[PDB]
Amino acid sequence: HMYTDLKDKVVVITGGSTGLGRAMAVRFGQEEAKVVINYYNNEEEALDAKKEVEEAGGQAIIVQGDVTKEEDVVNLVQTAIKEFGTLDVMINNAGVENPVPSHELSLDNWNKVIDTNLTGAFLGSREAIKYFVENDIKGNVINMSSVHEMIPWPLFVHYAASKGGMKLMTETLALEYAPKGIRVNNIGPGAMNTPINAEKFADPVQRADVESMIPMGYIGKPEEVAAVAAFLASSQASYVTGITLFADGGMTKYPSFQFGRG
């Protein structure tokens, strides 16, 4: 396998049983990592993910957790440390979204997205970093952001806001913990073939519409993001902290200005 330094590393992944979280889990499995798959409620799906990691050449457990509950996130990290003996890479990937005209957006609906996407990642990051600090481990944190930490997103102001906050949260943590060798980075995916986009990509007109907004011309395969994660988690990225590495087929470069329009 590609990243030899990733062998036997303990990697926790929130939302690790579907879409991007699962591609990441599998890829860390391919690197002979020990993967801790957090899941919200679909245990049968998490078990399939667990199997895939093992099949790929890694070790895997599954831990139920709601990233909006502090006790759950504390449990999630404690379990990784107890079961595998340490923690090396923390991946806050869990996130949700839904379209609502902004002036019509309820506080409850706003809160759900902030709590899940932003505060969820803070809690994970804090628990991981607490462990690295207490134990002198030059650990790693990867937060799953989006092109929407840069690209504003009407009807998804809660989402955009959550990712914007994630950006400064990551950059702050990276700066604060850099002198201890703790690296903190975001990945910013573009439009990806995952369950979050399942209904949208079912409609051939909407799918064609999303594609027209991707300069590279195709919706991303989840393994393309998993590749980014493996790089960032690895010692290949030893001098890289505080960044957002966009994997977006050109989305953040303003797709409407193609061909010299404007």
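Throughout, we count residues from 1 along the sequence that is shown.
*Asks:* Look over 106-114 and 143-151 in the entry and identify the one with the greater average Cα temperature factor.
*Replies:* The deposited B-factors put 106-114 ahead on the C-alpha mean.
*Asks:* On mean Cα temperature factor in this entry, is 241-249 or 13-21 the higher one?
*Replies:* 13-21 has the higher mean C-alpha B-factor.
*Asks:* Just grab whichever of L175, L123, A80, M166 has the top CA B-factor as deposited.
*Replies:* Of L175, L123, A80, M166, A80 has the highest C-alpha B-factor.
*Asks:* Considering only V35, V225, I214, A208, which residue's Cα atom bears the greatest B-factor as recorded?
*Replies:* If I rank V35, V225, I214, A208 by C-alpha B-factor, first place goes to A208.
*Asks:* Is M90 in the lowest, middle or highest third of its chain when residues are ranked by C-alpha B-factor?
*Replies:* Its C-alpha B-factor belongs to the middle third of this chain's values.
*Asks:* Quick check on the deposited entry: does the C-alpha B-factor of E127 sit in the lowest, middle or highest third of its chain?
*Replies:* It belongs to the middle third of the chain when residues are ordered by C-alpha B-factor.
*Asks:* Hey, what third does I219 fall into on Cα B-factor, ranked over its chain?
*Replies:* Ranked within chain, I219 CA B lands in the middle tercile.
*Asks:* Mind checking which third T170 falls in for C-alpha B-factor across the chain?
*Replies:* For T170, the deposited C-alpha B-factor lands in the lowest third.
*Asks:* Tell me, lowest, middle or highest third: where does the Cα B factor of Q59 rank within its chain?
*Replies:* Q59: CA B-factor falls in the highest third of its chain.
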